[PDB]
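Close look at the chain arrangement
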Amino acid sequence: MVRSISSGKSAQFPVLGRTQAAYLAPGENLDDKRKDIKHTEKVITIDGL
Amino acid sequence: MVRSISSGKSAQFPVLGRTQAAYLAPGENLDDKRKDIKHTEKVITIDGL
Amino acid sequence: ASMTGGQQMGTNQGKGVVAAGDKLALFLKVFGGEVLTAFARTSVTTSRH
């Protein structure tokens, strides 16, 4: 997998986490029990001549 | 690999080398870093007859 | 030998900044566009029974 850029020195790609479902009791809060995707990224640096 | 030759007593074949690459640090002179591709001859001498 | 007065487009070279490491820092890092999904996760059954 090749990709090419112009200009800048460092190229960074973001990655995403993917979630997991749950049951909801009747007459109860959903927003109280929730976890975000906590997505973090990773970067490759251009090298030199 | 046989080939025919005329007149002369012996026959030599030149053998090329093989290059290697490097980094040119920013502001670095290219000349001092340069290393030659060495090529060395190799001779088949007839034995007669 | 080596060359001086390079006019390095990088390096902070600002007033009183500490003798900076990275001759290449002060370059923005651009983003590629290659966000990554973490796969479809498929399924099974769903019209098997």
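About the cut-offs
- Shown numbers run from 1 along every chain as its sequence is written, which may differ from how the entry numbers residues; residues without coordinates are omitted from display.
- All chains are assigned letters beginning at A, and all ligands numbers beginning at 1, according to the order in which they are written.
- Bear in mind that the chains are drawn from a larger assembly and that all values refer to what is shown.
- Only hydrogens and water are set aside when side-chain values are computed; all heavy atoms of the structure are taken into account.
- It only takes one pair of heavy atoms within 4.5 Å for two residues to be counted as in contact.
- By salt bridge we mean one thing: a side-chain nitrogen of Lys or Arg within 4 Å of a carboxyl oxygen of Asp or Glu.
- For this analysis, a polar contact is any N or O atom pair within 3.5 Å, provided that within protein one partner can donate a hydrogen and the other can accept it, and provided that sequence-adjacent residues contribute only side-chain to side-chain pairs.
- Each helix corresponds to a stretch of at least 4 residues labelled H or I by DSSP, and each strand to a stretch of at least 2 residues labelled E; elements are numbered beginning at the N terminus.
- As a working rule, the residues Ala, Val, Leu, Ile, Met, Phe, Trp, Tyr, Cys and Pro are called nonpolar, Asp, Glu, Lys and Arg charged, and the rest polar, with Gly in that last group.
- In this scheme, strands are said to pair when DSSP sees at least two bridges between them.

If you check the PDB entry, chain C appears there as Major capsid protein 10A from Enterobacteria phage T7. The record for the entry shows the title "Capsid Expansion Mechanism Of Bacteriophage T7 Revealed By Multi-State Atomic Models Derived From Cryo-EM Reconstructions".

Per the PDB entry, chain A goes by the name Major capsid protein 10A and belongs to Enterobacteria phage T7.

Frequently, the measure chosen for interface size is the accessible area that the parts lose on association. At the junction of the two partners, chain A supplies 13 residues and chain C supplies 15 residues. Residues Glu34 of chain C and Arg3 of chain A are paired through a salt bridge, measuring 2.7 Å at the closest nitrogen-oxygen approach. At the junction of chain A and chain C, the tally comes to 6 residue pairs in polar contact. In terms of residue count, the dominant contributor to the side of chain A that touches chain C is strand β1 (residues 10–14) of chain A (5 residues). Looking at the side of chain A that touches chain C, its residues break down into 6 nonpolar, 4 polar and 3 charged. Sheet topology note: the β1 of chain A/strand β1 (residues 29–31) of chain C ladder contains 3 bridges and is parallel. Bridge pairing in β1 of chain C links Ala11 of chain A to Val30 of chain C.

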